[PDB]
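Only one structure is covered here, and it is reproduced in the block below.
To find a chain, count down the sequence lines: A is the first, B the second, and so on, and within it residues start at 1. Whatever order the structure lists ligands and atoms in, that order sets their numbers, starting from 1. The analysis underlying the following values was restricted to heavy atoms, covering all of them including side chains, and did not include hydrogens, waters or symmetry mates.
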Protein chains: 2
Amino acid sequence: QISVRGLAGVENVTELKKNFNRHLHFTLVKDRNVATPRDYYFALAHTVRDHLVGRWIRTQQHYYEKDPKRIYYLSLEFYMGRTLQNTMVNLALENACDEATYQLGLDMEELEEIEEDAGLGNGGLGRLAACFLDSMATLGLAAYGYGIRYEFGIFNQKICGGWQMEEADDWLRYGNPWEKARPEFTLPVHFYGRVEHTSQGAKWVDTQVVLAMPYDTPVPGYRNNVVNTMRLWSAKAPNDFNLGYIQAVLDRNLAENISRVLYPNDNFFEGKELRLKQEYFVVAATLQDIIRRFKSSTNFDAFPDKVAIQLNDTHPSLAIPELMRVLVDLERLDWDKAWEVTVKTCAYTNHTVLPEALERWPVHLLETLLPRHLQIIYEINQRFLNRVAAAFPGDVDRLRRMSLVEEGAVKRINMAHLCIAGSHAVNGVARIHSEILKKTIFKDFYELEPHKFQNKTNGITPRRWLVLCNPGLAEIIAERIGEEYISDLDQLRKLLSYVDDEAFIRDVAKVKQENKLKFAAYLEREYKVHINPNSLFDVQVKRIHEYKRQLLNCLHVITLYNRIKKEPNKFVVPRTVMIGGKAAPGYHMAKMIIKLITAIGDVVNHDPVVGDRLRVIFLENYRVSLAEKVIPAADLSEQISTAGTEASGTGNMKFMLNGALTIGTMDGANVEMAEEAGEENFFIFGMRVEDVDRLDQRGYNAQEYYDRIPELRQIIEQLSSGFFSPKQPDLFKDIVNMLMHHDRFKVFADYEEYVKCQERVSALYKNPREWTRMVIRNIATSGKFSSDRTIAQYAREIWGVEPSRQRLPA
Amino acid sequence: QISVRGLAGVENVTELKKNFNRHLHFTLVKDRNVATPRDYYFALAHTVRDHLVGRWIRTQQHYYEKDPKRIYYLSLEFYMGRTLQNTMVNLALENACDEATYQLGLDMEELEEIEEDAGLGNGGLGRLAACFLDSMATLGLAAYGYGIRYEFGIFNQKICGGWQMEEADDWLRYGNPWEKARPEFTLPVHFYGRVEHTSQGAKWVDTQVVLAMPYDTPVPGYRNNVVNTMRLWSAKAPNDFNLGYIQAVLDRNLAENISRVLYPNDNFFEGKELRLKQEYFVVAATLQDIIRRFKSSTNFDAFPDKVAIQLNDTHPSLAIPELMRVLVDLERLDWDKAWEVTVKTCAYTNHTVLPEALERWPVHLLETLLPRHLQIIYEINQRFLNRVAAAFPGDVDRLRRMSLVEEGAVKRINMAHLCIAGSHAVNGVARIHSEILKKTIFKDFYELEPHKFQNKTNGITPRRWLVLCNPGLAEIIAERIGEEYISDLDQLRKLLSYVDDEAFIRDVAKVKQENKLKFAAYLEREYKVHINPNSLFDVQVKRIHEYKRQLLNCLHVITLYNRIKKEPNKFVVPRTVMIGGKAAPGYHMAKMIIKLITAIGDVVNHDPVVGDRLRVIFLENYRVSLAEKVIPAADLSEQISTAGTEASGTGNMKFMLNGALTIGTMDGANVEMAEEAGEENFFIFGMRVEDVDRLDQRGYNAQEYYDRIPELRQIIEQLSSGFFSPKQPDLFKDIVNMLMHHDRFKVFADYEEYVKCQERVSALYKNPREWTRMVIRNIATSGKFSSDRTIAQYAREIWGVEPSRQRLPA
Ligand SMILES: OC[C@H]1O[C@@H](n2nnc(-c3ccccc3)n2)[C@H](O)[C@@H](O)[C@@H]1O
Ligand SMILES: OC[C@H]1O[C@@H](n2nnc(-c3ccccc3)n2)[C@H](O)[C@@H](O)[C@@H]1O
Ligand SMILES: *Cc1c(COP(=O)(O)O)cnc(C)c1O
Ligand SMILES: *Cc1c(COP(=O)(O)O)cnc(C)c1O
């Protein structure tokens, strides 16, 4: 049908059909008379996976022969989403599979919808790891994702009575056809025990063994015939475990609980033992694998020439003492050599400055669980603080601030401090975030080792986030500038010469309208809800967090509603306001905000005076596959974090790429997006970082805004008095109370400038041609925000490897 | 190579090789340079399974079109063993696969050894269920095995210091290529809750839901192109289960524990809730499936014309109140109609009379777990006891004896009583066992409903137990009488006309010698132990139990040893005495007997005066795949249960079929074996049933035997004084104490007649030609003990269906 989906050759289509029928018969043991849509999805999944395996085997054997430097991306989260369409895109099979499935009388799009998201992440951090794997494969890097195969990923969100209910994400129930179990590469992981000191060094003894069983998932590069590996570990009890008889067998679940469930906190640290077990499990099994692969080539001087280990936040920080422990206690290297090897191998990416997200592990926990690691950590701290003392003689304060060990009621290890000490490179994830690291939380580390601190601004893969989710926009771009932009997104800048082309203006607007029609009809089918597709689609989709200020959005929505009710017969640009996201199950305030959003929806959407001028929709179960649907349908992207809280963001990039204008603060990558497009093509409002600091110096008094802004006092009186909760008048007293007395994120301070900037958005929406021209200037400057640019910067400036766009032979 | 393994056509072999390479590449994602023997086993397993699927699909669709009466074999145990060789035998692929694997440079026998036993049973009962599935498929019956897919089967047995250690049988670690998950046919099972009484009948409410997910394994018939189904249920939590968040997800293991582990008791009842949960789980999920299939054809009058449900012992006795509950509470049939349907549908096989094996469930357990089932059971009991009162007016004693409810400190349900009340047929498993049921434990039920009581003497499948494990014996038989005997074992009687044929006598002895050489070399390789292959192979392999009198065997072994030491320079027929079996982990005395066997081995095998005249070997981890090796190598089969304890036995049949002579008691099927072969071709010794009763009347005094038999007093003094345990002199005081004061199985009473009969065995072994002629008369009369005869009798006399040997089209 469309050019960027590849050729449907007669031979290719004939072959896909006979393999689809072979898998349905032999793999699924179904015939055509009893097969369900789900069996059809499986037969197609098996058919497309068959095209991966030759390339996977050739790629892994090429890396054995070339012995390039190998990149290990260690993350507790890989937010992969669906694999089927992505595989078809990257192997140029999409039209051939559309054709083949069409001639068997099936609709490929209907089968695509049966695939479970692999939801092994919370949000931006896990999804960054998935975008990175795609870019590393597309850039021909010998790269491995290493993580945990959680039996349960991020919970499924149900709304009952406007409240979040959590259900277990049983994503493996029907099987995962993408993964290959490798039980033959099972490795032991040790816990507990105690340290004995001999003549022949320290020895970790009387440990409990958990086995780490790897599952390999292929990661195909974009049309380069490269297939990298994502290896995820599963926990298995050894067979002598607990070994009256029956209970011993049932108690195997204590060990296997390690890989059972993803912790569902975004930008929050929960100091639980099970979480620390998960962190060691993936680090211990991964490093044995890395070292095994290295020794198939005594001499650890070469190790950092052959290994880069990237730590995705501090979650795998124990890779640093674990590498030391293997090198010192098992390989018998002297400390200083092992340390040199460790620092040149490891690099650390920081994702946030929010103090409640920073991992600070109680010493009593590390003492019990990892007694040797705590010895190595104390030793790292002693030698590190000796270099601080020598560089800043007499600065005792610097010594306590920089210590890996925090003093207090409970002693803690500051894992971020451990990462900076043990890494040759530390980066933030947007330029403003990286500047904030050098000025504030890591200022001391920066003054000691300035050379370690880098920026690597985040990106998104334009394969998933343009070609796959928005084929119609991919195509009209490809009509004019060709296909090369998909693996070289800077080529989108060639679209600036089409900003006054009438046909291109009409095509961009038509694609947006088609996406909106198709998304409106998805709402209607799956969640029986009736929305005007000619309205401005105002969408805020991201995890529910106080710093991301869904509440600021709520205040704008109630403001529009109060203005309509005061002047019902006046024209307003119609809007569909869609807010979506999950709250961490223990995050009371996030749970209240969801409830407020639905309570606003219950009043606004049933007021007959309002008409279809204003709709408020809570998008249930926001996840990667819902992002692929709603982001192409959006007109306005809400990126409204308080300045200095959103380290980067990546949602923001997805929407820029997909033809939405952005209303946001000068926060995170919003700053670089506005610089790329021009400030005049962006709806910037609110305090800058500097302004928030000025407010903190003198003190944030919310009362001042309530006393001065009659529109805002109206909203607060409505919330307080039960306008939005008539059955429970006081339902929202926690929200009011927090906004008036304990708002760390200064929602009222940005309210006036937000509402005014939202009026400018409405004004430009009235002029479709100028709105669309501004959209073109956004899409055209979105190239910087490709994860291909990000990974090329990681490779050249951190890993010391050269990306390549050259095809392997097929 | 050999004729009964089928043709190796050029096309067949070429095709097997290209499919073996396709599976290694696409299924296993290996190349030839990194594949292990285990990958080769998997590629071959996938290649042979491909030949099953066409036949499986055609067979299941033929049963939909013909709508024959359907047989449901409900068992908690299916002792399947390995599937690969059995599949090749039944599809006539063995030589083609030998050839194909040979030309890829691989040894098929080496790959066969990599397969895990499916050890989902304890012993004779589970294995009977596996032999039955094979016979039902070979006889073209529309039959389904229904059970539980235990994550852990019977434990792996290790011997340390001559003691049994148990290890978890992690048989699914590498995957099971034979099973197909059918998550789409997942059914709810209810537990706990309470009964509400409405106008509209009784209602079971506030239950906990566990999901039952079926896994289907194919059961191929012998060369008839029939493939039946074994459906095993797995327990899954529902996704709202427990639904702070983390613990709720971890607590899903409470529900999934139901299908985690097989209870490892043979002929013993353990009244644990988890066991009752397993029993309901398989009954509830199975009956919903049976009823679903029935309704795809309102009218339950026809149900027993379309459904037979066979209960394998009382383990699935709850099928009776469950069928009543579905018919009365859900389908709204009146009681008497539902009851008529239930009785005509259900039939009960009893496997033992040992009182400690009989399931007697405390009422408090059924009250909590299955409150509605207990109501239906009380109602069954009331109506049943009303028919007893009317037939035997005034016999109040008969009323308490026959009650389904036993009075006492704890009230219990007698599940066997429930089975007789609710079944149209009750059978024992050998003629003497069935007679004992009518004379003793079920005498009262027999006098009420004599027509219900049948015999169905056990059998074994000659596919696994001759063709597969003993190809050389299959072949020399096939040389002379053809191949038809494999599906018609009575044809073996044609071998009586070869009893004086010299060439046949030489071939039978040569096959036995080859089996012994090959088994001796297996001992040497896998367990570094050196045994004389010219010795008489005296083997007792079966679960370790007091009633099976491994201890009697121990006494014979110590007797031979004491005779050698008294007269070292006298000729004795050399023997290798091999005893093997598992003890239930909580069965203290069974654990002591294993230890005594190894302690005897430690003294006998290291005495230089003994030479290689007497060896005692404990065969570790006796299981189905070890039975296939040792049973073809045996000369003497030890079947030495106290008369009236071994209901049938099936080991006995395996050895008769495979060219061993039997030393045994007139117990179980030994009686019918001796009648088929002639008493003069059997080594019968010891008390008959009548003699044991006479001894019980007057009282069993073991002291009398100790006082009168100086050879036996010597043994007991050696045991007592630490001859066999010098480091712990009193190690065996429990054994001595039990033999002298509390022997329920009268070991001393059979000692004299056992030792004398063992002298007759030795005498005939000195005359190889007459030993071999006696072997021929045994093999030649073993036809009755085919499970094809057993199943044909079940089908004609219980299920009301006609077996068929006609091929389905391929
Ligand atoms: O770089 C990827 C994104 O990372 C997010 N991010 N920080 N900590 C985390 C986090 C911390 C603990 C547990 C789970 C997740 N997740 C930042 O909030 C966002 O601004 C970035 O765009
Ligand atoms: O019919 C199959 C065989 O059944 C055995 N058999 N009885 N109860 C049992 C049993 C009882 C409870 C739990 C597990 C197993 N197992 C008999 O001991 C044997 O004589 C027969 O040959
Ligand atoms: C991209 C993405 C995110 C991150 O969005 P932010 O607005 O940067 O918080 C979260 N969830 C999903 C499903 C995503 O696709
Ligand atoms: C046949 C068989 C049994 C039953 O043997 P008996 O001597 O009848 O107790 C037990 N275990 C295995 C592995 C078998 O093959």
Side-chain angles (χ1 to χ4, degrees), chain A residues 79 81 117 119 121-128 130-131 154 266-267 458 460 464-465 540-543 545 548 580-582 622-628 631 637-639 641 646-655 668-669, chain B residues 76-77 79 81 117 119 121-131 154 262-270 312-315 349-354 357-359 428-430 433 456 458 460 464-465 540-543 545 547-548 580-582 584 622-628 631 637-639 641 645-655 667-669:
Chain A
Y79 208 168
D117 281 35
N122 278 290
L125 173 144
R127 179 61 230 177
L128 186 77
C131 285
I154 185 70
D266 187 289
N267 246 88
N458 282 352
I460 55 165
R464 187 170 297 272
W465 295 115
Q540 188 172 21
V541 288
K542 55 200 54 241
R543 289 295 298 270
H545 207 303
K548 291 167 184 279
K582 292 168 182 189
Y622 180 65
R623 58 193 187 290
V624 160
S625 64
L626 190 57
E628 294 169 358
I631 291 176
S637 167
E638 297 268 357
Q639 308 298 338
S641 50
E646 195 74 274
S648 173
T650 54
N652 47 5
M653 299 163 191
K654 298 169 197 177
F655 284 94
Chain B
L76 273 278
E77 302 185 18
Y79 208 168
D117 281 35
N122 278 290
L125 173 144
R127 179 61 230 177
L128 186 77
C131 285
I154 185 70
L262 165 74
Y263 278 79
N265 298 312
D266 187 289
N267 246 88
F268 190 72
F269 175 55
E270 202 178 347
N312 199 24
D313 215 74
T314 61
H315 310 151
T349 304
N350 174 269
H351 291 272
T352 194
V353 301
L354 292 189
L358 290 221
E359 287 195 301
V429 288
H433 172 240
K456 295 294 174 288
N458 282 352
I460 55 165
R464 187 170 297 272
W465 295 115
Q540 188 172 21
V541 288
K542 55 200 54 241
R543 289 295 298 270
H545 207 303
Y547 84 91
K548 291 167 184 279
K582 292 168 182 189
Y622 180 65
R623 58 193 187 290
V624 160
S625 64
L626 190 57
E628 294 169 358
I631 291 176
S637 167
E638 297 268 357
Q639 308 298 338
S641 50
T645 65
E646 195 74 274
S648 173
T650 54
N652 47 5
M653 299 163 191
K654 298 169 197 177
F655 284 94
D667 202 20

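- We find the NZ-OG distance between B:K654 and B:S637 to be 10.5 Å, quoted to the nearest 0.5 Å.
- Side-chain contact annotation: B:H351 with B:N267, donor-acceptor N/O pair under 3.5 Å absent.
- Residues with a heavy atom under 4.0 Å from ligand 3: A:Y79, A:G123, A:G124, A:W465, A:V541, A:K542, A:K548, A:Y622, A:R623, A:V624, A:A627, A:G649, A:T650, A:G651, A:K654.
- Here the closest heavy-atom approach between residue B:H545 and residue B:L354 is recorded as CE1-CD1, 4.4 Å.
- Annotation: side chain of B:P264 is in contact with side chain of B:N122 (closest heavy-atom distance under 4.5 Å).
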Note to self: Between B:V429 and B:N350, is the side-chain contact (heavy atoms from CB on, under 4.5 Å) condition met? List the steps.
What the structure shows: CA-CA 7 Å; B:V429 288; B:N350 174 269; over 6 Å; no
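- Scanning both residues, B:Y79 and B:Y622, for their nearest heavy atoms gives OH-O, 4.4 Å.
- Here the closest heavy-atom approach between residue B:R543 and residue B:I154 is recorded as NH1-CD1, 3.8 Å.
- Contact between B:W465 and B:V624 at its shortest, heavy atoms only, is CH2-O, 4.2 Å.
- A:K542 and A:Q639 are linked by a side-chain donor-acceptor pair at a separation below 3.5 angstrom, with hydrogens and angles left out of the test.
- For ligand 2, the protein residues placed under 4.0 Å by at least one non-hydrogen atom are B:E77, B:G124, B:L125, B:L128, B:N265, B:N267, B:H315, B:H351, B:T352, B:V429, B:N458, B:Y547, B:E646, B:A647, B:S648, B:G649.
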